[PDB]
Amino acid sequence: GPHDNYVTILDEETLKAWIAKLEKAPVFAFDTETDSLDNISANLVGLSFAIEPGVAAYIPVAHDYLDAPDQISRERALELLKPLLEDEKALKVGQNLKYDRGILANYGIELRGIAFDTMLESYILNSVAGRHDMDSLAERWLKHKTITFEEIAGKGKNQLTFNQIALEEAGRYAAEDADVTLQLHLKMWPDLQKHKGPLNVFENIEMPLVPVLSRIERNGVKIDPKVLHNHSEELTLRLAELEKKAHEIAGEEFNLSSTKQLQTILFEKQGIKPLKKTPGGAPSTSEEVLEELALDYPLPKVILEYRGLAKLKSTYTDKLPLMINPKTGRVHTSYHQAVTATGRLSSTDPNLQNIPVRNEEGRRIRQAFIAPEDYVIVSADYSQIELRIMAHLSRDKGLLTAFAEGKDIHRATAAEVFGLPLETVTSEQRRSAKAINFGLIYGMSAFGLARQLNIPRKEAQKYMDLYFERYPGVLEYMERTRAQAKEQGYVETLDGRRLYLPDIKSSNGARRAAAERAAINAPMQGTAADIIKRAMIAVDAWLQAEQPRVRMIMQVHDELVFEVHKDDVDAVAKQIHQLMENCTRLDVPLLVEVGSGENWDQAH
DNA sequence: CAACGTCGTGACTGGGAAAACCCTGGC
DNA sequence: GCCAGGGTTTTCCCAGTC
DNA sequence: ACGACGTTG
Ligand SMILES: [Mg+2]
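Numbering follows PDB author numbering, with no gaps: position 58 of the first sequence is 382.
Next comes the structure, spelled out in structure tokens:
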């Protein structure tokens, strides 16, 4: 770490000299810093650059600390750097460049030449290799501990903002960060040049997805606090009466959200044997035992409704309206990308993905999500997309014929297992079939099937054998992928994304079974996520090309929620059909079920 | 070396509450 | 030196996608 | 209900 070899820039002439160094550099680190972690407001503080290793410069344009001399106006710096920033040819590297692009766009400047981002480099090298933030990269490829903001800030309360810190140590911090990013890129990129499939995935899918994520985050989502506030009162009422009834049944007052007290009082009153134990080892009060014991006593069922209602109230109606952005009135998520081993995206801050559906109050909270005036919600969805993936990859003639006809075998198997007629199967039974069938594809044991559907374990075994008799090509494909994981030491997706499994070697056996099932799991879900990502890329490309009133707000796993004006509905629906159907070259069509409604629940 | 008792027995996520424990500050 | 409180960690348990 | 692994005879 060639520290203290950098420079802090306080004059515009040295800024001209620095950019005259920059424009001819092939790649150069670039990062910006701000006081707050919320990108939406995020008033800017400063920026840094670095051309060659050991050399970096910081320009403080906004600080408030006592006696700040000759800090360059942010306007002049932005005007001078705009030709470099808006240039497409210029190639840049950095950390969390989505944040940087968002901050720049807050001032009306769109960064174009996003060449490489270190976190994506590390993620595409090896998904399961620890954390992918800056500290882990520094530790595992530079072996040099770096100065963190905690060192110059407070412990847990008095974390003074980056604007009110002195220029010297702040500039050294920023220059060191930019430099470490630079050597990380220079070390990591040639190593990625070695492999082919990961290189193609990195060049095609991952990187161009930063601007679309930034724009989607900047769009925001609209919600009404009023409906949530109203629903909260009925939640509180219902929980009050159910709690009163439960405590009159027990004759004692205890917290029904406290698992310890619940299990103690239950197992000391009923005196019945505990059927299942916690993974750490203890009496447990999970769902399935509760539905099992509800037939005998009213306390199990009433605490079941209590658990559901309390979870709903304490999570959704108490987090969603509180986190609304003040100046815009629209909720903003995070959408971190390099977090999952498989490759799918994951919402972080408010987690607008696990919105309850099955419960009537769940579809009510779904109804709560509404659109602004003259705008209608449009949903574009794949159906059984990974089933089409699996049929394409295994070339099983049964699945090929079923998808050629378009049969809802996903629902037909539910009708068979539950005994329901094909026409009377409901949504929850469809979800249960989803779980059962797809676990059966993923090696889900017959004991798990007996637990899920309450059917005898013998029936679970026999019907698993039957299901694999229908599709023997599927079984031999899992066997082939197991052999591939054993030999290669990893599993690769169709487009080239990889998952390294260090547990494929013999280790107590049981651990390998999880590693084995993950080896089967990785390709299918990875390809589904990659198809979703490329569909988003093409859709947003058309968005930027045409610039109509359509906006994109939300991404749910196998779902793309839109925002269109009420006047134009069918045209954008056909456009989405054309782009989303033709995004991926696959044997069977990627059938899409478009939907339009007033609010989110109306769409689906 | 064999038999029996115990430990699992789809994947991928975030997060809430409760509780426990440990570290540090104050008297 | 000791106790209490707060912060951090650990356990159950539950809400989604397939 | 059944297989895997550790412990004990
Ligand atoms: Mg971010």
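Backbone N, C-alpha and C fix where the C-beta goes; we use that ideal spot for every residue, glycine too.
Contact between the stretch 694-703 and the stretch 852-861 is absent: fewer than 3 CB-CB pairs across the two stretches fall below 8 Å. Ranked by Cα distance from residue 563, the first of 675, 594 and 629 is 629.
Closest option to residue 765, judged by alpha-carbon separation, among 705, 835 and 849: 849. Bridge pairing for residue 373: 354 and 381 [DSSP].
The straight-line gap separating the alpha-carbon atoms of residue 591 and residue 834 is approximately 32 Å. Within the stretch 428-496, the beta strand (DSSP E) runs of at least 3 residues that lie entirely inside it are, in chain order, 438-441. Exclusion of the five residues before and after residue 741 leaves no residue of its chain whose Cβ lies closer than 6 Å to its Cβ.
Considering only 819, 799 and 829, the residue with the shortest C-alpha distance to residue 813 is 829. DSSP places residue 509 within a helical segment (H, G or I) once states are collapsed to three. Proximity of the beta carbon of residue 420 to ligand 1 is indicated: a heavy atom of the ligand is located closer than 7 Å. Under the three-state reduction of DSSP output, residue 751 falls in the helix class.
Runs of the beta strand (DSSP E) lying entirely within the stretch 787-825, each at least 3 residues long, are 814-816 and 822-824 in chain order. For the alpha helix (DSSP H) assignment, the uninterrupted runs of no fewer than 4 residues enclosed by the stretch 569-635 are, from N- to C-terminal side, 583-593 and 611-617. By the neighbour-count criterion, in which 16 or more other beta carbons inside 10 Å mark a residue as buried, residue 801 falls on the buried side. Here the C-alpha atom of residue 503 lies approximately 7 Å from the C-alpha atom of residue 378. Under the DSSP assignment, residue 868 falls outside any beta strand (DSSP E), being part of the alpha helix (DSSP H) whose first and last residues are 834-870.
In its chain, beyond the 5 residues on either side, 910 and 911 have a beta carbon closer than 6 Å to the beta carbon of residue 716. Secondary structure of residue 921 (DSSP, three-state): strand. About 7 Å separates the Cβ atoms of residue 539 and residue 864, confirming a contact at the 8 Å cut-off. Sequence-distant Cβ neighbours of residue 511 in its own chain, meaning closer than 7 Å and more than five residues away, are 465. For the beta strand (DSSP E) assignment, the uninterrupted runs of no fewer than 3 residues enclosed by the stretch 653-729 are, from N- to C-terminal side, 699-704. With fewer than 16 other Cβ atoms from the protein chains shown falling within 10 Å of its own Cβ, residue 603 counts as exposed. Under DSSP, residue 416 takes part in a beta bridge, and its partners are 352 and 438. Here residue 332 carries a strand assignment [DSSP, helix/strand/coil]. Sequence-distant partners of residue 781 (beyond 5 residues in either direction) whose C-beta falls short of 7 Å from its own C-beta, in its chain, are 770, 771 and 774.
Beta-bridge partners assigned by DSSP to residue 879: 884. Within the model, the alpha-carbon separation for residue 436 versus residue 723 is close to 44 Å. Pairing residue 908 with residue 915 gives a Cβ-Cβ distance that is not under 8 Å. Excluding the 5 residues flanking it on each side, residue 373 has same chain C-beta neighbours closer than 8 Å at 342, 346, 352, 353, 354, 380, 381 and 502, in chain order. 8 Å or more divides the Cβ of residue 626 from the Cβ of residue 711. Relative to the Cα of residue 400, the nearest Cα in the group 483, 370, 584 and 451 belongs to 370.
By the neighbour-count criterion, in which a residue is buried when 16 or more other Cβ atoms sit within 10 angstroms of its Cβ, residue 344 is exposed.
Scanning its chain for C-beta atoms nearer than 6 Å, with the 5 sequence neighbours on each side dropped, one finds around residue 581 the residues 634, in chain order. Per DSSP, reduced to three states, the secondary structure at residue 525 is helical. Membership of residue 541 in the alpha helix (DSSP H) is indicated by the continuous run 533-543. Straight across, the Cα-Cα distance linking residue 499 with residue 331 is about 8 Å.
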